[PDB]
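Structure first, commentary second.
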2 protein chains.
Amino acid sequence: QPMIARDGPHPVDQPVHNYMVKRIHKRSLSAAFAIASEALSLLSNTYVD
Amino acid sequence: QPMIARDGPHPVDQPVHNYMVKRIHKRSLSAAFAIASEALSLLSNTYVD
């Protein structure tokens, strides 16, 4: 931060430095996907049908 | 229909498919047309007049 030079019945000011630390926040996403029993019976054949 | 993926205390979602069936409806159009008897006698002389 900057600083102003003044006079009179005021204390002399000094330059000030600030330090900040922020942290991450974790979230997620989810989506389902279904398949039926007839489709599973039709898909698992392995070169027979 | 589309899907939105979300988190938190929400159950996970799966997309939907909709099947609809419509059937036809039968209408008509009718218009009348009259011919006088003397006109029918004139048009059907059969090679006399």
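Tabulated data for the structure shown
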read-out	value
Residues of the stretch B:15-29 satisfying the condition of being under 16 Å from A:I35 (Cβ atoms) and loosely packed, with under 10 Cβ neighbours inside 10 Å	B:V16, B:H17
Residue list for the stretch B:30-49, restricted to those being under 39 Å from the mean Cα position of the chain (by Cα) and surrounded by 10 or more Cβ atoms within 10 Å (Cβ to Cβ)	B:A39
Test: residue in the stretch A:38-47 that is within 14 Å of another protein chain (Cβ to nearest Cβ), under 30 Å from B:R6 (Cα atoms), among the small types (G, A, S) and part of a loop (DSSP other than H, G, I, E, B)	no
Residue match in the stretch B:29-38 (condition: in contact (Cβ under 8 Å) with a residue 12 or more places away in the chain and over 30 Å from A:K26 (Cα atoms))	no
Residue satisfying all of: in the stretch B:1-28; among the basic types (K, R) and farther than 25 Å from A:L29 by Cβ; nearest to the other protein chains (Cβ to nearest Cβ) among these	B:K22
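Since every read-out is calculated from the coordinates, none of them should be taken as a lab result. Heads up, the Cβs are rebuilt from the backbone with ideal geometry, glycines too, and the neighbour counts pull from every protein chain shown.
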